[PDB]
Amino acid sequence: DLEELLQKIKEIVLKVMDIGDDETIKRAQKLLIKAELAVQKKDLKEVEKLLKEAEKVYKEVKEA
Ligand SMILES: N[C@]12C[C@H]3C[C@H](C[C@H](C3)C1)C2
Ligand SMILES: N[C@]12C[C@H]3C[C@H](C[C@H](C3)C1)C2
């Protein structure tokens, strides 16, 4: 499930790169790198948190 959550994070980062401004893109790219590190550490709770964070960042762009 670590890897699958990382996939969902990557999918959202792609959507942010498609519609977000460059500051939001940098925020999402840092989130992705953090998520890769958390996967490597097998820190499932952190990967779950970063997915919620990505969902929120994206929702806010999409709804602005
Ligand atoms: N302006 C930027 C373009 C691209 C995405 C992001 C980080 C780097 C590379 C600089 C913003
Ligand atoms: N692995 C990366 C994919 C993409 C380009 C670069 C910076 C970010 C976004 C993480 C390497």
# chains A, B, ... in the order shown; residues from 1 in each chain; ligands from 1
>>> residues_near_ligand(ligand="ligand 2", cutoff="8 Å", atoms="only C-alpha atoms and all ligand atoms", output="ChimeraX atom specification")
/A:29-30,32-33
>>> residues_near_ligand(ligand="ligand 1", cutoff="6 Å", atoms="only C-alpha atoms and all ligand atoms", output="number ranges by chain")
A: 22, 25-26
>>> closest_residue(among="A:35, A:19, A:44, A:57", to="residue 6 of chain A", atoms="only C-alpha atoms")
A:35
>>> residues_around(residues="residue 36 of chain A", least_positions_apart="6", cutoff="10 Å", atoms="only C-alpha atoms", output="list in words")
residues 2, 3, 6, 9, 10, 30, 42 and 47 of chain A
>>> atom_distance(atom1="atom CA of residue 16 of chain A", atom2="atom CA of residue 59 of chain A")
9.4 Å
>>> atom_distance(atom1="atom CA of residue 64 of chain A", atom2="atom CA of residue 18 of chain A")
14.5 Å
>>> atom_distance(atom1="atom CA of residue 61 of chain A", atom2="atom CA of residue 28 of chain A")
11.5 Å
>>> closest_residue(among="A:17, A:12, A:41, A:23", to="residue 56 of chain A", atoms="only C-alpha atoms")
A:12
>>> closest_residue(among="A:43, A:53, A:11, A:48", to="residue 27 of chain A", atoms="only C-alpha atoms")
A:53
>>> closest_residue(among="A:58, A:8, A:50, A:21", to="residue 37 of chain A", atoms="only C-alpha atoms")
A:50
